[PDB]
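*Asks:* Submitted below is the structure of interest, expressed as structure tokens.
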Amino acid sequence: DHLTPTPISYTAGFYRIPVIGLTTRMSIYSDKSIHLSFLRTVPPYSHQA
Amino acid sequence: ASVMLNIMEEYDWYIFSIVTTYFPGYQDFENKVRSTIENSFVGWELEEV
């Protein structure tokens, strides 16, 4: 499927442990609200615009 | 949010602001309010979000 690294952002997020994805270009992680510990190496497909 | 509006209407407090946080449902809360506040003829004022 897609967005395999959804759970970790939530799981670390409870304790506010920072998470850094290498391969997740997925855009849904850009909203700080839902994933607030997310750290992204590269910009989403949205930023491709 | 609707009940909050009804409560405000009951005391006729027309002018109000919303302080929110990034906590879940914040964006919609604004949306639901935007529809509920907007539909009515009355000139109540949203000051800040």
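Numbering starts fresh at 1 for the residues of each chain in the structure tokens, the chains themselves are lettered A, B, ... in the order given, and ligands are numbered from 1 as they appear.
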As a list in words, please: all residues of chain A that backbone DSSP puts in alpha helix (DSSP H).
*Replies:*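 Selecting the alpha helix (DSSP H) positions of chain A gives residues 7, 8, 9, 10, 11, 12, 13, 14 and 15 of chain A.
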*Asks:* Could you dump the residues just selected with C-alpha atoms as a PDB file, in the first residue's frame?
*Replies:*
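Dumped everything to part25.pdb:
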```pdb
ATOM      1  CA  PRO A   7       2.433   4.525  13.100  1.00  0.00           C
ATOM      2  CA  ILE A   8       5.850   5.674  14.323  1.00  0.00           C
ATOM      3  CA  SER A   9       5.048   9.360  13.920  1.00  0.00           C
ATOM      4  CA  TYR A  10       2.055   8.754  16.160  1.00  0.00           C
ATOM      5  CA  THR A  11       3.898   6.476  18.596  1.00  0.00           C
ATOM      6  CA  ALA A  12       6.927   8.648  19.128  1.00  0.00           C
ATOM      7  CA  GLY A  13       4.573  11.601  18.971  1.00  0.00           C
ATOM      8  CA  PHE A  14       2.880  10.702  22.236  1.00  0.00           C
ATOM      9  CA  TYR A  15       6.164  11.313  24.005  1.00  0.00           C
TER      10      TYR A  15
END
```
*Asks:* May I ask you to extract the residues of chain A within 10 Å of chain B, using only C-alpha atoms, and to give them as a list in words?
*Replies:*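 In the required form, that comes to residues 31, 32, 33, 34 and 36 of chain A.
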*Asks:* Assign secondary structure with DSSP using the backbone only, and return the residues of chain A in strand (DSSP E) as a ChimeraX atom specification.
*Replies:* /A:19-21,38-40
*Asks:* Using only C-alpha atoms, can you tell me which of A:37, A:43, A:4, A:48 comes closest to residue 20 (chain A)?
*Replies:*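 Counting only C-alpha atoms, the residue closest to residue 20 (chain A) is A:37.
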*Asks:* Find the spatial neighbours of region 33-42 of chain B, counting only C-alpha atoms, within a cut-off of 9 Å - ignore same-chain residues fewer than 5 positions away - and output them as a list in words.
*Replies:*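 Counting only the stated atoms, we get residues 1, 2, 5, 14 and 28 of chain B.
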*Asks:* Extract, using only C-alpha atoms, all DNA, RNA and protein residues at most 7 Å from region 15-20 of chain B, discarding same-chain residues fewer than 2 positions from it, and format them as a ChimeraX atom specification.
*Replies:* /B:13,22,26,44-49
*Asks:* Take the residues from that selection and put them in a file with N, CA and C atoms, as a PDB file, in the first residue's frame.
*Replies:*
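out_0.pdb, written as the output of this step:
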```pdb
ATOM      1  N   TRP B  13     -24.801  37.150  23.158  1.00  0.00           N
ATOM      2  CA  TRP B  13     -23.448  37.648  23.033  1.00  0.00           C
ATOM      3  C   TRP B  13     -23.072  37.471  21.581  1.00  0.00           C
ATOM      4  N   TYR B  22      -3.506  23.488  18.060  1.00  0.00           N
ATOM      5  CA  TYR B  22      -3.308  22.625  16.904  1.00  0.00           C
ATOM      6  C   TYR B  22      -3.937  21.258  17.176  1.00  0.00           C
ATOM      7  N   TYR B  26      -9.425  21.239  15.182  1.00  0.00           N
ATOM      8  CA  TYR B  26      -9.368  22.696  15.231  1.00  0.00           C
ATOM      9  C   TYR B  26      -9.770  23.380  13.923  1.00  0.00           C
ATOM     10  N   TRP B  44     -23.404  39.100  13.761  1.00  0.00           N
ATOM     11  CA  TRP B  44     -22.410  38.846  14.804  1.00  0.00           C
ATOM     12  C   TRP B  44     -21.002  38.898  14.221  1.00  0.00           C
ATOM     13  N   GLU B  45     -20.030  39.185  15.079  1.00  0.00           N
ATOM     14  CA  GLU B  45     -18.649  39.317  14.641  1.00  0.00           C
ATOM     15  C   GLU B  45     -17.677  38.311  15.242  1.00  0.00           C
ATOM     16  N   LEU B  46     -16.939  37.670  14.344  1.00  0.00           N
ATOM     17  CA  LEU B  46     -15.772  36.885  14.695  1.00  0.00           C
ATOM     18  C   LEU B  46     -14.594  37.840  14.619  1.00  0.00           C
ATOM     19  N   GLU B  47     -13.879  37.953  15.733  1.00  0.00           N
ATOM     20  CA  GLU B  47     -12.805  38.925  15.868  1.00  0.00           C
ATOM     21  C   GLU B  47     -11.467  38.310  15.498  1.00  0.00           C
ATOM     22  N   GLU B  48     -11.092  37.242  16.192  1.00  0.00           N
ATOM     23  CA  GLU B  48      -9.853  36.564  15.866  1.00  0.00           C
ATOM     24  C   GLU B  48      -9.967  35.055  15.997  1.00  0.00           C
ATOM     25  N   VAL B  49      -9.147  34.362  15.218  1.00  0.00           N
ATOM     26  CA  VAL B  49      -8.992  32.933  15.364  1.00  0.00           C
ATOM     27  C   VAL B  49      -7.511  32.731  15.580  1.00  0.00           C
TER      28      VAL B  49
END
```
*Asks:* What is the distance between CA of residue 41 (chain A) and CA of residue 22 (chain A), in Å to one decimal?
*Replies:* 6.1 Å
*Asks:* May I ask for the distance between CA of residue 44 (chain A) and CA of residue 25 (chain A), given in Å to one decimal place?
*Replies:*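 Separation of CA of residue 44 (chain A) and CA of residue 25 (chain A): 5.0 Å.
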*Asks:* At a cut-off of 8 Å, using only C-alpha atoms, what residues contact residue 3 (chain A)? Leave out same-chain residues fewer than 3 positions from it and give the result as a tab-separated table (two decimals) with C-alpha atoms, in the first residue's frame.
*Replies:*
```tsv
chain	number	residue	atom	x	y	z
A	6	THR	CA	2.39	6.26	9.69
A	24	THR	CA	8.60	9.06	2.99
A	26	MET	CA	4.25	11.43	1.42
```
*Asks:* State, in Å with one decimal place, the distance from CA of residue 40 (chain A) to CA of residue 27 (chain A).
*Replies:*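 About the pair CA of residue 40 (chain A) and CA of residue 27 (chain A): they are 10.1 Å apart.
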